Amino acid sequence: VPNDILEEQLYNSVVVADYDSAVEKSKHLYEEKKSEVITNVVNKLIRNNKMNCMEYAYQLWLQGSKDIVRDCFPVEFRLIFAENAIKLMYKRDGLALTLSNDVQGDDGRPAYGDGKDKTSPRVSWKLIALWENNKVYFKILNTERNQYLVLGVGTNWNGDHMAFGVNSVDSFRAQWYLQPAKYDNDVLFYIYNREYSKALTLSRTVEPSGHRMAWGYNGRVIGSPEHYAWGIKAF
């Protein structure tokens, strides 16, 4: 077996979502001094906007291969799965996501891109994996407020949903899946809601203080991560 065939095999395995055999292959290769194959494969999954890349990483993390995820994937993956604190930064506008600090309701805090704040604890978040139907999904937890990001049931005229924090996860509205992408020299992700299949985005309508409210966008984003995707920073 040449690197081409072995690589194609590993990639094929990831794309068809046969994760036990993809992990078998990886564990083999990392032992046989063939890390460049796994690394090329990651790069190709990530260039091709393949979602399976998340499940593949998580399966390595769960099956005694954290080290492969640490060495052969970009640091973001480790940041996700180690449930380290992160900042979700909207690529298009360069704002960090947060929850409002002043709320007249007892229920949920509205989410938005913070105009002044890239630093304070208010932009700290954590992603929490769960496994269902051969797929990986995430709860998104604001660390200061101990509240989960959700989309609501209501919609505006175009059919976007509001995003805000809620105390717990009892539905698919509070779950999310990631689709990796590349722009410039960095890794980005679109973030879709599990219930409604909409991407989390910031409105083009600016608030006086530079703010932009967060919405579940009803529209097409694939192809333009420099407009609709998020960077994950180590905080």
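One-based numbering along the sequence shown.
Mean CA temperature factor is higher for 90-98 when stretches 121-129 and 90-98 are set side by side in the entry. The mean C-alpha temperature factor is higher for 72-80 when 72-80 and 130-138 are set side by side. Comparing C-alpha B-factors across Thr201, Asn167, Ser171, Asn185 in the deposited entry, the largest value falls on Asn185.
In this entry, the residue among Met54, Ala181, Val41, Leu29 with the greatest C-alpha B factor is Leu29. Sorting the modelled residues of the chain by their CA temperature factor places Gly113 in the middle third.
Ranked against the other modelled residues of its chain, the C-alpha B-factor of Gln104 as given in the entry falls in the highest third. Sort the modelled residues of the chain by CA B factor and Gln9 lands in the highest third. The entry lists a Cα temperature factor for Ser224 that places it in the highest third of the chain's modelled residues. When the modelled residues of the chain are ordered by their C-alpha B factor, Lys33 lands in the highest third.
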